[PDB]
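Given next, in structure tokens, is a single chain: the form deposited in one PDB entry.
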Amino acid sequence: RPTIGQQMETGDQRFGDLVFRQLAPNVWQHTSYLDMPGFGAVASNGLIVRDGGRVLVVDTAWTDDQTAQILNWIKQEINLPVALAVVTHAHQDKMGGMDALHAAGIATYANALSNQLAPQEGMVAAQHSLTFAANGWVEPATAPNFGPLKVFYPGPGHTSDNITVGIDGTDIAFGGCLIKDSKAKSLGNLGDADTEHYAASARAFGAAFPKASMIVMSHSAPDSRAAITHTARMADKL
């Protein structure tokens, strides 16, 4: 029962300290929890995607141990190797578990800028850097064999390095901490945010994946495209 993050609902599978929810035949959401100190549990979500005989991960859990539990769940439930992981910015809820991925021999990718900020944010950098074009699309040579993951840098928003990921062959796109749900009362932690550019960045994410109907985000259950539009409206007020 987290203080922040979606509550458990029908069909959620508890596995150790984590929760897994199937979103599509080949896509699952992973959820892990961190107690912030007298405030209670904060849930954070990422994705697991099956692509033929391999698995792709978006975001770590908060900690190495939680991330190792995600790999255990994949081993038990899917029993295919993880080819790579993409982390969406250099903060604990998205990159806290890097060491567990590396110990497992999984290739890790992040925005070059995330890797550059990682030491200052108390994170371990990914082993490979993604770079982006002037319109935000990933340079394909930096994202080799990404299968259905379509990586897009929408512009500075929640952080300057935040990236997003569409799942090709599905109607799902992942906004990470940039996007908050359609009924959110705030944009969350704006401590590292670009308030000037936030609204345009949120709308750019919506425009990059214009037919994604299921929007997955770090701290709420998957939502409609109203998550994008509501996030942008909140950001318009900054």
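For the two forms, the rigid core is made up of the largest set of C-alpha atoms that agree within 1.5 Å on superposition. Only residues modelled in both forms are compared. Sequential numbering from 1, following the sequence displayed.
There is another form of the same protein, the form deposited in another entry; it is not shown, and what comes next is about it.
Chemist: Indicate closer or farther: the Cα atoms of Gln6 and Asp35, in that other deposited form, relative to the displayed form, with a change of 3 Å or more.
Modeler: Result: farther.
Chemist: Given a CA distance change of at least 3 Å, are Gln6 and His91 closer or farther in that other deposited form?
Modeler: Farther apart, by at least 3 Å.
Chemist: Listed by sequence position, which runs of three or more consecutive residues have C-alpha shifts of 2 Å or more between the shown form and the other one, the rigid core held fixed?
Modeler: Only these runs move by 2 Å or more: 1-10, 120-122.
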